[PDB]
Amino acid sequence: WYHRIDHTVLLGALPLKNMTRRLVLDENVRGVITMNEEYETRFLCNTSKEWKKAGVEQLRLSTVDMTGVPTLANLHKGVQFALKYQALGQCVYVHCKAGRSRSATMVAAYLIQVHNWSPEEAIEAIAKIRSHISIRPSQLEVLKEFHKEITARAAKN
């Protein structure tokens, strides 16, 4: 249903209400990145308040319609959110629907920034762990721009 990517990030299909307990206690999930929350499927998942109750903060992000990826700005929001919890030694569950594409792209951006890796290095790392990762050219191009921004911010240090 989901796979651990590293000590902080997990990537998986939409989290069912019933999984909350396991995710929080066993996987130390204290944050959740929710992409493209759809009204047709939200009865299956926690609301933002049901997450609070379990002590996890939810960050909701939208993809740029038809792109499969958020804006650069929201990619940075997602990554900084993950890093927030990395500093706390806690975990973040990253999802959209199937945990294969839009959510995979978000995790890719995280890995790019964390490791100063190429988009393809990050993607291949994710695919080595979780099957059916599918990051399309439209999604890869944004990860390419994200990679350039990460490098330029790194040169400022």
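Numbering starts at 1 and runs along the sequence shown.
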(request) Compare the mean C-alpha B-factor of 51-59 with that of 106-114 as given in the PDB entry, and name the stretch with the higher value. (result) 51-59
(request) Could you settle it for me: does 33-41 or 127-135 have the higher average Cα B factor in the PDB entry? (result) 33-41
(message) Is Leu14 in the lowest, middle or highest third of its chain when residues are ranked by C-alpha B-factor?
(response) middle
(message) Taking only the Cα B-factors deposited for this chain, tell me whether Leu75 sits in the lowest, middle or highest third.
(response) middle
(message) Which third, lowest, middle or highest, does the C-alpha temperature factor of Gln90 belong to within its own chain?
(response) middle
(message) Taking only the Cα B-factors deposited for this chain, tell me whether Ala98 sits in the lowest, middle or highest third.
(response) middle
(request) Relative to the other modelled residues of the same chain, rank the CA B-factor of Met66 and answer lowest, middle or highest third. (result) highest
